[PDB]
Amino acid sequence: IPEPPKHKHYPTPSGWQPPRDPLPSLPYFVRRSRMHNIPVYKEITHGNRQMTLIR
Amino acid sequence: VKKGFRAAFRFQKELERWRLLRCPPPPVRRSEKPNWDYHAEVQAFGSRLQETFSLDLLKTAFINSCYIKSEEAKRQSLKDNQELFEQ
Amino acid sequence: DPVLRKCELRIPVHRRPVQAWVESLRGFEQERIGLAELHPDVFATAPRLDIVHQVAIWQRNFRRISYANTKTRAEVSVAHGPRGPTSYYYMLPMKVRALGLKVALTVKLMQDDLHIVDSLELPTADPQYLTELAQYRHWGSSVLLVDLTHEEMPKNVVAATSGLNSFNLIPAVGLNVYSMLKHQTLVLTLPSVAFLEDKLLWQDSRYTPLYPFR
Amino acid sequence: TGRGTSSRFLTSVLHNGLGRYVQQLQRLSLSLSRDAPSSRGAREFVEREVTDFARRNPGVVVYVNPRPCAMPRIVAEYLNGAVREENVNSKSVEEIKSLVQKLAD
Amino acid sequence: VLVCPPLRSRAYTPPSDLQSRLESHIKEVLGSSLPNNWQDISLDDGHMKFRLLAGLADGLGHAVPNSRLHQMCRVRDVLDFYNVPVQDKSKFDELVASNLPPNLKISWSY
Amino acid sequence: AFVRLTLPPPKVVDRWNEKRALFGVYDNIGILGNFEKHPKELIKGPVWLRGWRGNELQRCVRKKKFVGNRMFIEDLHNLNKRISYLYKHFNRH
Amino acid sequence: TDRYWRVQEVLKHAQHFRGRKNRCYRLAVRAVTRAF
RNA sequence: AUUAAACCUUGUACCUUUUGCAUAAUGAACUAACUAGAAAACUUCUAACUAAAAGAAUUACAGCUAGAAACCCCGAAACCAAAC
């Protein structure tokens, strides 16, 4: 997969913005996915339970 | 022939149990039997009774004339309990 | 002069590099000669032993073939007896197997069972030297030696390892979880680590294949 | 079961408590294995609680014999000659401590 | 054809004058003379770390574990790492040298 | 029933023999070999089930196809009759 | 492989029975339960 | 239970079947061995990776991949082909 190209102005017209620099110094770090997207997935289970997962 | 060593080992124990019941072993003194320490037992014996005994004197009291003869016979190939016995 | 190694691939900024003592087998006292950096995404993965446990089961079971057979009542000239050759073959995804290998590498390093070496070359071919050296460095009773490629592995090491049952010599492509677990300590050449890292790090952007990669 | 089993009357060994109470238990024997999950609890017991029991009750001879053993086992011998055997296979420290206290009493 | 040298024990006890040995080694590494903020000196330099760690290990007798090697970013960690003792004595070995009472018997058949 | 009156001789097994020692080696041929050779290619055994698994009927049917021409006439007839029972059991019950 | 000892468990409680009951497991087991 | 084997006191053999009942009805001289539950379409659970997932043939607007998870035995009167 090609890495995202550097853009003169962020956010990108679609709306993509790379992770903010400097990274936060919190004890917990959330890395981006291989697709350079936030690792948040909406999920529904049992046909009635809505869920969201951070991986 | 049934396979397995546990079954063969189990039967050997089964045979031993029957043999022991038929022919109980002759009694033997705990001194000869394993896990015996005369010095440790005497200390425990005195503490168990909650009484103070002089180790040397108590051993002499335990010492008997017959015991000395056996040791002397082995020695050929010591204070008796008579004095304490009278008191 | 310390031997300094850096990860060829880009280490994450938020992740610090993993480091270990570079060693050489040339001499008994050559325990530490350099400092090397190891990719956190490879050598600092979470210790997921169930994946390792699954891989070990897969390793034992995908080769499992039972040849037991018996004649049933209809075939008598057993109600539920073995019926001919039976196999248990199944395949784990390459992502899981690579992850399982990644997990195993971290455990050995963290448990001080992994020894990174520059090369396998030995001053002598005597098997005694290798066993004594393992005792000298307090290695486990079983030591696994890995080289970059089978063809180029030194002759001296071959003789020492070939004659030793508990010391097994394998190429880089021959690495597997079962051997690592069976062997108390692992000895890896520096080129092999890069070779393993490349394949393990290749999993990045794992295009689902419509045909073989070749 | 009562018809098919033995019975006795209430009795004391030698009127033990009339003058002074004497502990019947006289000897303890322990077998351990250096590398055995079953004996781990007993092994941990040796580190921490065996000494306290020994100090509390010095009138009982305690034998601890770590040896190649399939199952750890404890043997308790009493003054009257009664001997009781208990297997320590795969038992925790807390369980072992409670059992020993019962044996002493 | 090479004869292995004798094995050494893995037990290391922090020196009573640990600071004196550490500072002397730091002076030995390269002419430092213990400049202020010595504890915070970064070890990221490969050459400096190799000489400092190798020299300290030989004299002090304790070696940085591979697991803990990357943690040794600063001298302060090294000083803390050396001050913690390491004992090779087994639990049974400690028990043997613990004034065993007369009623307690230990026999190691392994 | 009755049990043996003699103990079997003791037996010692070496767990570090080459077969056990090298068991599982090259199992990562594909990932470490650029996927040129799939681990399924390393299977040695009956031809009809090399790299393949199925239910008893599928295994029997595949066996017939692979070695049907090279099987004995008597065996082929027996296999045909056996297949009939297997087919009915799985596909009708 | 312990079926013999299982019978012994019933037999040991049935050793004191009289007649074929003491030697027949089919009857010995029934008597042992009834006694308890 | 007992000092005591029997006495005193208490108590309508067992399995199956009838109905949650048998003083019904079946079956058992006894010993040893042998003697009957087998499948994954979908779902939950356990994980990998994720707008992507599966080592070619598959699905997708959080999906996709992998694993685990299931359904017996004996017994007719008969019927047909080919030999004798």
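Scroll up a little and you will see the structure.
These remarks concern the structure in this document. (Residues numbered from 1 in each chain as written, not as in the entry; some residues may be left out. Chains lettered and ligands numbered in written order. Part of a larger assembly, values for the part shown. Heavy atoms only, no water.)

### A look at the interface of chain C and chain F
Many analyses report the size of an interface as the accessible area lost when the parts associate. Taken together, the contact pairs 37 residues of chain C with 33 residues of chain F. Interface area for chain C against chain F, summed over the two sides, is near 3,200 Å², with a carbon-plus-sulfur share of 61%. Contact with chain F buries surface across chain C, with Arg63, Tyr89 and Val173 of chain C losing the most and accounting together for 19% of the total. Taken together, the connections running from chain C to chain F amount to one salt bridge. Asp27 of chain F is the salt-bridge partner of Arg63 of chain C, the closest N and O atoms lying 2.5 Å from each other. Counting across the interface, chain C meets chain F through seven residue pairs in polar contact. (Contact = heavy atoms within 4.5 Å. Buried area = accessible area lost by both parts, 1.4 Å probe. Salt bridge = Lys/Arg side-chain N within 4 Å of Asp/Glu carboxyl O. Polar contact = N/O pair within 3.5 Å; in protein donor to acceptor, adjacent residues only side chain to side chain.)

### Quick look at the packing of aromatic side chains
Residues and elements named next belong to chain B. Counted by the stated rule, this structure contains 19 aromatic pairs over all chains. Seen from their ring centres, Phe11 and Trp18 are 5.9 Å apart, and the 90 degrees between their planes marks the pair as edge-to-face. Assessed through its relative accessible area of 13%, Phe11 is described here as buried. A connected cluster of aromatic rings, assembled from ring pairs, spans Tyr38, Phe45, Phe53 and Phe62. (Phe/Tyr/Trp six-rings, centres within 6.5 Å; stacked < 30°, edge-to-face > 60°. Buried < 20%, exposed > 50% of the residue type's maximum accessible area, 1.4 Å probe, protein only.)

### Notes on the interface of chain C and chain A
Taken together, the contact pairs 11 residues of chain C with seven residues of chain A. Summing both sides of the interface, chain C and chain A together bury roughly 700 Å²; the carbon and sulfur share of this comes to 52%. When the buried surface of chain C facing chain A is broken down by residue, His14, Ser205 and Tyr207 of chain C rank first, second and third, together holding 63% of it. Linking chain C with chain A are two salt bridges, by the criterion used here. Residues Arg31 of chain A and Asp41 of chain C are paired through a salt bridge, measuring 2.7 Å at the closest nitrogen-oxygen approach. Counting across the interface, chain C meets chain A through four residue pairs in polar contact. Across the side of chain C that touches chain A, the residue classes break down as two nonpolar, three polar and six charged. (Nonpolar A, V, L, I, M, F, W, Y, C, P; charged D, E, K, R; others polar.)

### Side note on the sheet that holds strand 2 (residues 18-22) of chain C
Residues and elements named next belong to chain C. Sheet architecture is open: three strands sit in the order 1-3-2, paired in mixed fashion. In this open sheet, the two strands that pair with only one neighbour each are strand 1 (3-5) and strand 2. Here the strands of the sheet are splayed against their neighbours by 20 degrees on average, with no regard to which way each runs. Pairing between strand 1 and strand 3 (residues 34-38): three bridges, direction parallel. Opposite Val3, over in strand 3, you have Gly34 as the bridge partner. Helix 7 (residues 190-202) rests against strand 1, strand 2 and strand 3 of the sheet, and its axis sits at about 0 degrees to strand 1. (Pairing = 2+ DSSP bridges. Helix = DSSP H or I, 4+ residues; strand = E, 2+ residues; numbered from the N terminus. Axes fitted to C-alpha atoms, helices over the stretch in contact; angles between N-to-C directions.)

Everything listed is a geometric property; what it means functionally is a separate question.
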